[PDB]
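Fold and contact review
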Amino acid sequence: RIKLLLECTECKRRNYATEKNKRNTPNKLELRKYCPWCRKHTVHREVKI
Amino acid sequence: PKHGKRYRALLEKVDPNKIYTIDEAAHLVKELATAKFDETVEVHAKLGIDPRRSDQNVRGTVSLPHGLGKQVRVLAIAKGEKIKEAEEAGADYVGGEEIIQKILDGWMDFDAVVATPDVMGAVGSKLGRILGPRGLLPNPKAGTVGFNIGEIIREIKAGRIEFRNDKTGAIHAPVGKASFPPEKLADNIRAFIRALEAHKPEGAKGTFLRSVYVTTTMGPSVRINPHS
Amino acid sequence: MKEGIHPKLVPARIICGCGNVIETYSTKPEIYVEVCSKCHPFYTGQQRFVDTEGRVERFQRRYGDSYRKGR
RNA sequence: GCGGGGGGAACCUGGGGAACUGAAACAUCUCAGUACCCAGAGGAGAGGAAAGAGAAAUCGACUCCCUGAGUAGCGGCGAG
RNA sequence: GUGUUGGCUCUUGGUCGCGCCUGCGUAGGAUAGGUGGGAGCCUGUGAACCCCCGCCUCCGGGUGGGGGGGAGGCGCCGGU
RNA sequence: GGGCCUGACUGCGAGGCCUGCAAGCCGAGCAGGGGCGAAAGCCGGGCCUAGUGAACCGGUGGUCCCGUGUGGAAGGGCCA
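Residues numbered from 1 in each chain as written, not as in the entry; some residues may be left out. Chains lettered and ligands numbered in written order. Part of a larger assembly, values for the part shown. Heavy atoms only, no water.

Listed as the method for this PDB entry is cryo-EM; the listed resolution is 4.70 Å.

Structure representation (structure tokens):
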């Protein structure tokens, strides 16, 4: 609940990967990167609330 | 029980008990009105949306094929070759960021703006502040931005007709001429049926196409069952 | 016996309780109310031939009285 | 002019129906439908020819024994 | 809530179906409620000239009717 | 202190720290896959030793394994 809230990454409808994260400083701003098991690596994106 | 319209005769033609169907419509409308010049029939309708929360606000355009020449002007904003392509295609207003500048000044004669990704920055940011909530600024999935300035303005001239639910959830568009073949009025009524149907935002819950009809300019008004 | 029905048997048992729910909603069953009770109908009447009664019980009643009404 | 009723060690059907102890606490749960109050038919009642089984184009009343797995599963999925 | 627990009745509310009637921040001949068709429309007023009468108001005005008669008016055009 | 960037990657790990239980903890190197240099190579979060919680129960994003004759489905098995 504190400026620490948990989100996780999903990628262009072709997978979703996880990991927690925060809230503080740049808040929402949430692209990021990561690589799904989609294809061999691939952008992914991240975001996903 | 007597009213203020000579249209009264045409009204007698008008027997509002049935919502009938499309082709029937082409015929009875074509017959219904040929007053001064030849009828400029149109179709109009209302959908179970909620345009306040723009999460359903729709618009775009299907491609009701059939020669053209009138309605909804557009600005082809780009550079040389694009001015070429779209201008020729079928443009009412043509130029580029120079036209954009002219507009910032005091010239705006186009409802819809279509600019190619080459003067799109100048269009959207220079003229962003100008075209604004008028509906005159380019948007990447509002049939208003992209390289096919020629293709889109082209259809603007060969046959266009767009979509845009107004305040209360309704659209209007040309889907057949007056003296125009009945089957034709039918087909266009259709292309509109479809593109509209597509536009149908996922924010609808139930009886979406609520009222779907064909009415003319100054003339009859009858619903049509776009099913048959 | 002195209060079953008249038009069959509806005089007896009842084990029951509850506690709380919240199942195919969000979880398991707030389970418990080890309780026991009664459970039955009602009374009324009509006439043979000048001077009568009925007594009986509820529904079975209604259809029935209709029946001997037939006679 | 009939019948019952009144019994009866245990078995028996239905009627109504409990704490312990376990769950090393204990409120779901548990012992259990067990103990006990009852009504009643017997010499034994009980059940007893399928709106059954079960999925093979299969069986064929009901009851009791061995087996079916203590698996299939029921659950503060815990004692059980 | 519902079951025996039947009769007549005064009535008042929400809802959707159709009908009517409405919309004055401001330049705006003008109280434009939108968004469509979109330069023409109409003569059972032979007319916007005049007459009263029905109705809704932010002076105005909008709208619906009865009449009175002698090619007329307005939407266009423009313009805000 | 500046530049560029996501591996604070999935599949995984041989072999050890400690520990009776479960824990928790250290990790070369092989694969897919990228990123910092041209590269000799570093990167499977931080300079490290605390920011942690079984099991049940149930949720959601899968999956597209199971379905109590068969097609589907309530429902449900493993992943995250």
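Now that the structure has been shown, the text picks up again.
1. Side note on the protein's contact with RNA strand F
The full set close to RNA strand F counts 14 residues, and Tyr16(A), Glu19(A), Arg32(A), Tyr34(A) and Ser26(C) are the nearest of them. Interatomic distance of 2.5 Å between a side-chain N/O atom of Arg32(A) and a base nitrogen of RNA strand F. When contributions to the surface near RNA strand F are tallied by element, the ones reaching two or more residues are strand 2 (16–23) and strand 3 (32–34) of chain A. Within the surface near RNA strand F, the residues separate by chemical class into three nonpolar, four polar and seven charged. (Near = heavy atom within 4 Å. Polar contact = N/O pair within 3.5 Å; in protein donor to acceptor, adjacent residues only side chain to side chain. Helix = DSSP H or I, 4+ residues; strand = E, 2+ residues; numbered from the N terminus. Nonpolar A, V, L, I, M, F, W, Y, C, P; charged D, E, K, R; others polar.)

2. Digging into the protein's contact with RNA strand E
Residue and element names in this part refer to chain B. Contacts to RNA strand E come from 19 residues, most closely from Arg6, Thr40, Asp166, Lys167 and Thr217. Taking all atoms of RNA strand E within 4 Å of the protein, the share assigned to sugar and phosphate is 76%. The separation between a sugar or linking oxygen of RNA strand E and a polar main-chain atom of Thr40 is 2.7 Å. One of the side-chain N or O atoms of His172 is found 3.1 Å from a sugar or linking oxygen in RNA strand E. Partitioning the surface near RNA strand E into residue classes produces five nonpolar, eight polar and six charged.

3. Things to note about the nonpolar core
All names here are of chain B. Core analysis: the largest hydrophobic core is formed by 32 residues, its most contacted members being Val62, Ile189, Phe192 and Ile224. Elements represented by at least two residues in this core include exactly helix 2 (22–32), strand 1 (42–47), strand 5 (170–173), helix 8 (182–199) and strand 6 (209–215). Not counting the four nearest positions on each side in its chain, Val62 is found in contact with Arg160, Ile161, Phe163, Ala191, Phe192 and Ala195. (Core = buried A, V, L, I, M, F, W, Y, C linked by side-chain atoms within 4.5 Å. Buried < 20%, exposed > 50% of the residue type's maximum accessible area, 1.4 Å probe, protein only. Contact = heavy atoms within 4.5 Å.)

4. A word on the environment of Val41(B)
Residues and elements named next belong to chain B. Relative to the helices and strands, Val41 is located in the loop between helix 2 and strand 1. Residues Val41 and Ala173 lie 132 residues apart in sequence; the distance between their C-alpha atoms is 9.4 Å. Each residue touching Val41, except ones within four places of it in the same chain, is listed here: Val29, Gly176, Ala178, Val214, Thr215, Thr216 and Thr217.

5. Brief notes about the sheet that holds strand 6 of chain B
Residue and element names in this part refer to chain B. The strand order 5-1-6-7 describes an open sheet built from four strands, whose pairing is antiparallel. Each having just a single partner strand, strand 5 and strand 7 (221–223) make up the two edges of the open sheet. Averaged over all adjacent pairs, the angle separating strand axes in this sheet is 25°, with direction ignored. Lying over the sheet, helix 8 contacts strand 1, strand 5 and strand 6, oriented at roughly 145° with respect to strand 5. (Pairing = 2+ DSSP bridges. Axes fitted to C-alpha atoms, helices over the stretch in contact; angles between N-to-C directions.)

6. Regarding the domain arrangement of chain B
Residues and elements named next belong to chain B. In terms of domain boundaries, chain B breaks down into domain 1 (15–66 + 160–228) and domain 2 (67–159). On a C-alpha basis, the centres of domain 1 and domain 2 stand 26 Å from each other. On the side of domain 2, eight residues touch domain 1, which itself brings seven residues to the contact. Of the roughly 740 Å² buried at the junction of domain 1 and domain 2 (both faces included), carbon and sulfur atoms supply 49%. Its largest share of buried area at the contact with domain 2, domain 1 owes to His66, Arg160 and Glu162, together 61% of the area lost on that side. Applying the counting rule to domain 1 against domain 2 returns zero salt bridges. Taken together, the links from domain 1 to domain 2 amount to one residue pair in polar contact. (Domains from an automatic or database assignment. Buried area = accessible area lost by both parts, 1.4 Å probe. Salt bridge = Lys/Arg side-chain N within 4 Å of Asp/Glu carboxyl O.)

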